[PDB]
Structure formats: structure tokens, C-alpha cells
Amino acid sequence: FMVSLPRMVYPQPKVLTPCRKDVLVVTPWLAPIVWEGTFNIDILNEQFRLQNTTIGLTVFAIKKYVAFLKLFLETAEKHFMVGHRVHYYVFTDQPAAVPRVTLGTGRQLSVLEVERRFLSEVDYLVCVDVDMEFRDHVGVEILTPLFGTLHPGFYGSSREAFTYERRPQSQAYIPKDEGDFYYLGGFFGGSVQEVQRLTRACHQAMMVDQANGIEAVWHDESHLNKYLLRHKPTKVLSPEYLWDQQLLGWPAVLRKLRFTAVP
Ligand SMILES: [Cl-]
Ligand SMILES: [Hg+2]
Ligand SMILES: [Hg+2]
Ligand SMILES: [Hg+2]
Ligand SMILES: [Hg+2]
Ligand SMILES: [Hg+2]
Ligand SMILES: [Mn+2]
């Protein structure tokens, strides 16, 4: 089970004072939406460390994308799950091109040239795009059975504007009157079991579409959105977790820019 937390001194939560008055911090199915100010990282760090949590971070770097690995890994070392056990999984067609990045204690990297394995090596899997860089804290506050991240270009949009697959001939089809949020295909995760269930579902849905001669408007992301619509995530990450400052600047609603696209 889980052992007791130790004595800790921190500000008492205020029942009659809203966390944030500018954003939604909980979904209709009671999943928290992670924004700066909603969590006390010291409490969460304690909770996950007491469980000796290991987080796997997977990235695919093919062809010219291998050039993004150095910055990605170096910044992950400074901001991703610092203090916890981390196992990086770099899938690439150029294993010899992977840069030799210096890792902190308790962190390792495996190069897989281009599943069981994940179940016995890590507790959670975080799947992200490699042409990115960490700029601020990305920690255990995101860990949960299944999470999706709000696409920075649609967080304030109506479901009508969401670029979901709109053709009924596709397994990723989502009608104009359905949809909670538009999740990004570049940052999702959860327990190994839940992540594998999601990838398995999308892989099969994509095979059906292919056989039917159709390709979802935004490929994997379209299927990811259909999956999360029908299997509600247990946590939703705010756009703080995947932003593009060049394209979107730095709105007041974002107190931190944690993971961003590289110019
Ligand atoms: Cl991945
Ligand atoms: Hg708060
Ligand atoms: Hg993954
Ligand atoms: Hg899917
Ligand atoms: Hg897929
Ligand atoms: Hg997917
Ligand atoms: Mn990307």
C-alpha cells in the first residue's frame, strides 16, 4: 500500500477562495485540469517518491529530427521529473546519431532502433514530440492513469471549431455537437496499461480507416481525440504543457511556459 506522509508545513488550503478565477480547473467528470497555482508540488513529490515512482519518457526521432535530441534531453534533465526515476526511450533510425547527453543520478536512456518491457520497467509513460524543449517545471503533477493535453491553438475555441475528423466514414469521426476539448497528439500519457490501451485502440482504428481508403484529417491526433472523447482522461494538462511562443506569444492566462516548440 502507501505509507503515511511525514509532517509538512505549507499554507492551509482556503475552502472559500477559488484556486483560479480565470480558468476551469476541473472537468465535468471531475478530472483536474493542471494549471500553475492548482498544485503544491511538495505534497505531490512526497506522494510519488514514497511509491518510488519511475517515469518513462518516449520520443521518436527519425531522419532530420535526430538533430532535436540534444536540446530536448538537456532541457528534460533540468525540468522533467527532477528527483524521480526517469527512463528515456528514444526510438530512432539513426542510433549512432543520438547525442551523448549527461544524465543526473537515477535517470537512464535506452536507444531503440526502428512493449511487457514497459510494464516491468516503468510505472507511467509520457509520450511527446522531440522537436521541443523544456523551459520550466514538468513534474509528477501530470501523473495519473490517463492524461491528455489541451492544444494551445484551441483551448479557448468552441467544439464547432475543433479540427476533429468530421467524416462519418472515419473511425475518428466526431460530430459537431460532441467533444470536450481538442487534445494534442504531441503530449499524452498515463499508466503503462492505459497508454498501451490507447495506442492499441488507435492503431486498430487507423487500420480500419486505411482498409476503407480514408485517412483522418490530423492522423494520430484525430484518433487520439476520438479515444479521449470516449475514455475520459483522469487529468487534463493546460496549454502550459505544450506551447508555441513564436506563434502564440505569452498570454496572461499562462503563468508558466513549461514545454515549447523549437523555432
Ligand atoms: Cl512517443
Ligand atoms: Hg489554488
Ligand atoms: Hg508512448
Ligand atoms: Hg483511438
Ligand atoms: Hg495510431
Ligand atoms: Hg492515438
Ligand atoms: Mn511537434
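Quick one: in region 173-204, of everything that is under 21 Å from the mean Cα position of the chain (by Cα) and near ligand 5 (Cβ under 10 Å from one of its atoms), which residue is nearest to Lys232 (Cα to Cα)?
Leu198
For region 221-231, does any single residue satisfy the condition of being in a helix (DSSP H, G or I) and more than 10 Å from ligand 4 (Cβ to nearest atom)?
Yes, some residue in region 221-231 is in a helix (DSSP H, G or I) and more than 10 Å from ligand 4 (Cβ to nearest atom).
Sort through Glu160, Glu194 and tell me the only one that's acidic (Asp, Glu) and under 23 Å from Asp129 (Cα atoms).
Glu194 is the lone residue from the list that is acidic (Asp, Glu) and under 23 Å from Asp129 (Cα atoms).
Scanning region 79-109 for residues that are among the polar types (S, T, N, Q) and either more than 18 Å from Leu125 (Cβ to Cβ) or surrounded by 16 or more Cβ atoms within 10 Å (Cβ to Cβ) (or both), which turns out nearest to ligand 3 (Cβ to nearest atom)?
Filtering first and then ranking leaves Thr92.
Take the conditions closer than 30 Å to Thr38 by Cα, in contact with a strand residue (DSSP E or B) (Cβ under 8 Å, 6 or more places away or on another chain), among the hydroxyl-bearing types (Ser, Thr, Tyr) and assigned to a strand (DSSP E or B) and apply them to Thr144. Does it pass?
When the stated conditions are applied, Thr144 does not pass them.
Which of the residues spanning region 232-261 are surrounded by 15 or more Cβ atoms within 10 Å (Cβ to Cβ), not basic (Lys, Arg) and not in a strand (DSSP E or B)?
Those that are surrounded by 15 or more Cβ atoms within 10 Å (Cβ to Cβ), not basic (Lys, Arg) and not in a strand (DSSP E or B): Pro233, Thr234, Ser238, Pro239, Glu240, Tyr241, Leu242, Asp244, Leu248, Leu254, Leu257.
We did not get these values from a lab; they are worked out from the coordinates using the rules stated. Quick reminder, even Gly has a Cβ in these numbers, built from the backbone with ideal geometry, and neighbours come from all protein chains shown.
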